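Please treat every number below as a calculation from the coordinates, not as lab data. As a convention, Cβ positions derive from the backbone with ideal geometry for all residues, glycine included, and neighbour counts pool all protein chains shown.
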Amino acid sequence: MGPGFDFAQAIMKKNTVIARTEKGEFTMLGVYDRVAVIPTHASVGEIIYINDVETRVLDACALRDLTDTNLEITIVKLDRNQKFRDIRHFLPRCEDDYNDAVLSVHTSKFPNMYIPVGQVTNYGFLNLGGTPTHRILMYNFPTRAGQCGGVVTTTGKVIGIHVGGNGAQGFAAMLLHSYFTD
């Protein structure tokens, strides 16, 4: 409908796949080469389904900060025959608050879904499903089951992936440029 949705759509159309684990279907953001991200509660194993195709996982790393606190981001390298468009230059370098964000989801349950979530707070610490978690972004939208892995964008930045909600607020794990240096 406007330039926020334009940027979100451009990311969804080229840089997302549907990932299926034994824990469900997730929006999965491809970042560069064969490297993607998914919430850690997806419990990625040795094999994953990517757009309903059996795919070997070459590497999977559940990120933690240097206090050894959960970040809820898993970085996955996929044995796929095709690279992602490199979007690392759209990743923020530092922790920040944002205005006018969009949460975008693409699954069998929720195809081509876009939600204007408005203002995003650097919330920081969250007890997420009983697990102490850091670098959490918060938005005041009543997000539901099926939105995990959803991409949070502003115009020109890819800032997080949706990891939970409490019925009134939604929570995303930050994406930082430093996670994807090679």
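Annotation: the residues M174, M138, sorted from fewest to most other C-beta atoms within 10 Å of their own C-beta, follow the order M138, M174. Largest GNM mean-square fluctuation among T131, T155, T121, using the chain with Cα springs under 10 Å: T131. Computed on the stretch 16-84, the Cα convex hull volume stands at 80 Å³ per residue. Straight-line cross-link partners of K14 among the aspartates and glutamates, defined as a Cα under 12 Å from its Cα and at least 8 positions apart when in the same chain: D86.
Using alpha carbons only, the radius of gyration of the chain set against its Kirkwood radius gives Rg/Rh = 0.92. Among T107, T55, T27, determine the one that fluctuates most according to a GNM of the chain built with springs between C-alpha atoms less than 10 Å apart. Result for the chain, Cα springs under 10 Å: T55 fluctuates most. Among all stretches of the chain without exposed GluC sites (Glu not before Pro) (DSSP loop, at most 14 other Cβ atoms within 10 Å), which one is longest? In the chain, the maximal stretch lacking such sites is 96-182.
Over the alpha-carbon set of the stretch 104-182, divide Rg by the Kirkwood Rh and report the Rg/Rh ratio to two decimals.
Radius of gyration over Kirkwood radius for the stretch 104-182 works out to 0.96.
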